[PDB]
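Only one chain is included here, represented as structure tokens and corresponding to the form deposited in one PDB entry.
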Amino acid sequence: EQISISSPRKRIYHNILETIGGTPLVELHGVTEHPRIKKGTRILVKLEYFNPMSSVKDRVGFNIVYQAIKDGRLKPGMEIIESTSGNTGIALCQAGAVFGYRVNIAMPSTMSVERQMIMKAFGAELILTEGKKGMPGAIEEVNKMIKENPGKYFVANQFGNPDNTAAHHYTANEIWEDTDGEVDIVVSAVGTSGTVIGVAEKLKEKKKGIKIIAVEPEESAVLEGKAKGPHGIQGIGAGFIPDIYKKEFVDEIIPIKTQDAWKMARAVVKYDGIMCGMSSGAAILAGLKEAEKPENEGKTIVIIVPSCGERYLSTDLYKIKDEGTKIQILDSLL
């Protein structure tokens, strides 16, 4: 029961973008204490909120913008633009601030107000579109802006841009190195699908046998061929199959109910002291469901945790008060 904190990094970073990646892989113990999850089975969570702006999208905003600059797709005098009301817009504002590019984020005026403030703090221009029109309204205005100003804008295009997927070759390498090649199964909740496919690509290059599991809301199970539907797992369930998705790289898809995802996240912060977001709740429950299968005994399971619960305080994540013991909570989840 000796407990050592982290050693010095022994690096001086040249700017904040160099602190992106190399996120920690942490053992779960509290939510894994269940008679069906066997002793040898290892359940690890990769905590992407250790990134400078606390989400997986940091890797994406950075790679998209940096590659575009190296490529000549983004050049001085041009501006970045994207329709997004989430973590991607924040990641793009961070990259844009460092590189010295104006960043334009379009989103329905109904959204965030807090993420709006984050994006403005970074110096972003916000393009608040008509609330009723939702994200299609934001996309529409960006298209209108590109058309009216040819040559001026670089569109991030998070669902169609392969520099998204490619960023997660680093995510995969970290998993490989950190588990010393022992990883057996990776679980990733799917938004753009950059994580699941980019991780899958790279890991399957390392070891064909690795099982890759995508997670999506049961209420909007589009990867499994269902229709787009309302759901409350923020960050995932985009309602279409992203163009960067590659089904060949995904071995199984697990649908998780919105309410279960939230309830899992509540249990994780309570019993492991890890304050994960909503989509993490879904990924972790899927991973726990894998860990209880007899054919998975002794395997190493890695679960992506894309964001931190702090970004969800204005939501319903921590409203519901679950009852029963820990074993009771976990039984109702499984």
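Take the two forms, find the largest set of C-alpha atoms that superpose within 1.5 Å, and that set is the rigid core. Position 1 is the first residue in the sequence shown; the rest follow in order.
Absent from the display: the form deposited in another entry. The rest refers to it.
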If I align on the rigid core, exactly one of 241, 145, 253, 98 should have its C-alpha move by 2 Å or more between this form and the one not shown; which residue is that?
145
When the rigid core is used for the superposition, does residue 111 move between this form and the one not shown (threshold: C-alpha shift of 2 Å or more)?
yes
So that I can tell if residue 130 moves, could you say whether its C-alpha shifts by at least 2 Å between this form and the one not shown after the core superposition?
yes
